[PDB]
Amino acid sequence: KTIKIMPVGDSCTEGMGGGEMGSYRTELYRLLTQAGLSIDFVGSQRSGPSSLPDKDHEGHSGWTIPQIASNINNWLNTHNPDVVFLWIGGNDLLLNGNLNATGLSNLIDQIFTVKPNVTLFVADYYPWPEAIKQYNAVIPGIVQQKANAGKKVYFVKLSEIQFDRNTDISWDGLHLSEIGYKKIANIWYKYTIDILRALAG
């Protein structure tokens, strides 16, 4: 079965930094395809290097949780994904001075309200800037609460990256380099492959 996956997020999903606006999608598409899966990335945005065959996504540079929440019902209905890769909330902290634990929790609930049968992955951030660790701390507990209730939501610990600022951060000093995005892609793979293979089988 072809699996429709909607990458939803901020500039880390749209792909600012290195990698020609492919984010982790370039390498992850490779890994999932090599694993024998048929993947359709879905979303209305389109960006990436020439090498990425499927450049569709819902990554929006600059966006916060409530901005995603304001539009995601439409995106879900338009694209009807089987799986959502959600990576969001850094801008709530860094742009809005909000640790938005409640917003994230509510957004997860909202996604399942609109698409009850979807499988949802929720990521934390690589540890840069240092301040983001404060937000990373709250995410595993939020996800675990929903999972314990029977929701198909799973945590992707991107913060387990073997982080090296001299290789993994782009020329802009904030966003990931191509190498950093490859490391991130490998962590998505680690945390998603077994569930994806089950959905495909």
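The first residue of the sequence shown is number 1, and the count goes up from there.
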Quick note on 81-89 and 105-113: per-entry mean CA temperature factor is higher in 105-113
Once average C-alpha B-factors are taken from the entry for 17-25 and 188-196, the winner is 188-196
Between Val156, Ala69, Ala147, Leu52, which one tops the list for Cα B-factor in this entry?
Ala147
Could you check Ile65, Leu174, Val42, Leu32 and tell me which one carries the biggest Cα B-factor in the deposited entry?
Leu174
The third of the chain into which the C-alpha temperature factor of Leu120 falls is the lowest
Tertile call for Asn136 (CA temperature factor, within chain, third-based) is the middle
